[PDB]
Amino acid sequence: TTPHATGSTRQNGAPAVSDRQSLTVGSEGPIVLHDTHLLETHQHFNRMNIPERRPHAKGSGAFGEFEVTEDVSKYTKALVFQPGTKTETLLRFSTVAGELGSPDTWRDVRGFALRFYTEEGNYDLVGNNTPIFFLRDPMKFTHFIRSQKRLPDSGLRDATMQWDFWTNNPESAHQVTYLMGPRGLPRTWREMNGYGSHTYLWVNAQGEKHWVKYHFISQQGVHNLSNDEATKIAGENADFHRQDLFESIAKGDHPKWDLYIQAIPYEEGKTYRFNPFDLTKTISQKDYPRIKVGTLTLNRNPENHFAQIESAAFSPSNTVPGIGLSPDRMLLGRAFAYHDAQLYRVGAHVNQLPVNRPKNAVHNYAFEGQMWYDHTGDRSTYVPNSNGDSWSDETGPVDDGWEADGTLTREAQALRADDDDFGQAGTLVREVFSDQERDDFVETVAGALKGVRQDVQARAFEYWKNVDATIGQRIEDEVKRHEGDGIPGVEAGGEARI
């Protein structure tokens, strides 16, 4: 390269001389303080780690493309979803509870975080492999996630703490049922479905509004593992899912999902018999059928896992024109929480990293800070200005809002006609599951209750009978026999647990 090159450089671009021996006073002497190559390489190594995501620490992903193949222009003006549009994507899959090195095949919810690099900005649909969640208000979220993680003294996960939380927060029943059924253990990420979970607002060119749910249906089908199979794989290959996805794309096999929405007319959101703003509820497909939008294909692996996946920063706040949030309190908390976490996790200029930059021109009133890579030159730092540096100043009602009225309060959402904590769970167990799925469910739930502190077990029996009397008695019988599956990722009991 240069006349004095040595095969590598220091950080300033000068030849490094050696990547293999330190600078010493003679062969036998001490290292000197001015071994700058030693200092720079150690100091960098010491700063390679960044805080893991909380939650969803363990994951990986791939790039691809979304292709619109239907006409949903009547429901939305969003450029990404206009007829024929092809958009570059990035999808990160994850578990929830486990940390950075934790086995992929623990029983858990999976994340399904999808970015669309649109002509009007980055559009993030940060979903999960379930249409619902455990909770309906974000004040409970911190407590739920901590219940799912480790005991403060011993540092062990503990099914007693999990069940103490779940039983004391019966809104959790719908999603815990789903978690304990077949789908708590996907065989691969390619073989699970993806959902937005929340209701979102779609707005058309004329300003008319619909409430929407998103459903990504795998073209590879839904395939799951048993508890015993997942536990075996956890030991043999802690990165089974990560490996599977990367190898599949490497071999040219491009996993696909079809996107469908449900669309509720604006005024019907207030009157529907289940609350669409309640994240523990599904919306009947009889009442609001799925409408096809198009197809997602993953076709390109990362070249750098840390820069393109670990550093990726997805947010529900990354909406685009034609798509808004909704009165779902959980979604409203998420609009604050992700960007906040990322400022700490990654840094103040997280959105200037390549994977997080939009394709379109950014013109944003934010300046300075640590690691300001793409500065604004002499552009105006204030508005209005007499300098030819533009700004935004639309007044009046926004196109992606709604109405509200009341006193400031902290209380449960009002029940719709058919809202409760246990009904939809009960449908799932009685009507959706097969006989064999029911059998397996009883083995799972009894297994998850083994060794749990008796007072909490008794509350869990009442909880499962409220879902369904027959399943609940079956679970209780099996737990009183000291039977049931080992659950990958967690256990109860013993002198280091509750």
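Residue indices: 1-based, along the sequence shown.
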property: Residue stretch of maximal mean CA temperature factor, 56-64 vs 428-436; result: 428-436
property: Comparing 163-171 with 355-363, the one whose average Cα B-factor in the PDB entry is higher; result: 355-363
property: Given 228, 405, 124, 278, the residue at which the Cα B factor reaches its maximum; result: 405
property: From 377, 333, 196, 181, residue of greatest CA B-factor; result: 377
property: Residue 314 - Cα temperature factor, lowest/middle/highest third of chain; result: lowest
property: Among modelled residues of the same chain, the CA temperature factor third for residue 398; result: highest
property: Chain-wide C-alpha B factor ranking for residue 282, given as lowest, middle or highest third; result: middle
property: For residue 340, the third of its chain into which the C-alpha B factor falls; result: lowest
property: Third of the chain's Cα B-factor distribution that residue 70 belongs to, per the entry; result: highest
